[PDB]
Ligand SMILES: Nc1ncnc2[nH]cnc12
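This document opens with one chain alone, in structure tokens, the form deposited without ligand ADE.
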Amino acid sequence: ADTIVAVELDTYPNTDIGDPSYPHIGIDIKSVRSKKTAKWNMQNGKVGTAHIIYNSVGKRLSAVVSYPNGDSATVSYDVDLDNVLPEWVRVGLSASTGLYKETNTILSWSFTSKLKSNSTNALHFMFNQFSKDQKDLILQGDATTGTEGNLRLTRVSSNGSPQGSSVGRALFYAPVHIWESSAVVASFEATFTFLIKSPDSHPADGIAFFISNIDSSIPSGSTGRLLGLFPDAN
């Protein structure tokens, strides 16, 4: 039912639903099977940063993930999002664990959306420290805000261990007006920083930044490879 555009940081290759055979960053347009992907070296226990950029003029959704040693992966995809998303949306962060696991810790998250006309309406928010009672965020599933200033999208246990089978998402409280047919420029950018750590045989499954219909919720059974985004793998 939900309408999803996402950028996925995919730590685990599910080569049976069309992942490449390596960790990857992807652009997802109404499907977990990314329209475009690139090879990502996930750096275990290090803090990475993702940037996501779109505007309605070039109509190219782009993303880049990097670490402080300077290694980065990038991915771009040509798409007119006007023809994909409702005019009003909510923006959010998603994460999963499945059979393998990992911390999915958000340390910071910022977002800007603008409509400029013919003829500016704007929304911008920036979290660099989350609080225990984040009244601006809609937490779904296992997602907690802690007292340590962080957003934990998936269940971690009191000794700091990540759990399997977990799914969590945080959405900004106010609906966003992503497009407006008489805006000449409708643009958005998002940025988050994240710590993925695992002592496991392999890390799974990743974190996503997403945009959806306003009333979006975690689809039934979207742990593991579905990243809390999609009711299935089609």
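For every residue, the number given is its place in the sequence shown, counted from 1.
The same protein also has a form deposited with ligand ADE bound, omitted here; what follows describes it.
Shown here without its ligand, the chain is overlaid with ligand ADE as it sits in the deposited bound form; no ligand atom lies within 2.4 Å of a backbone or C-beta atom, and the site is open. In the deposited bound form, no heavy atom of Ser21 sits within 4.5 Å of ligand ADE. The shortest heavy atom separation between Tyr12 and ligand ADE in the deposited bound form is within 4.5 Å.
Within 4.5 Å of any heavy atom of ligand ADE in the deposited bound form lies no heavy atom of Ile214.
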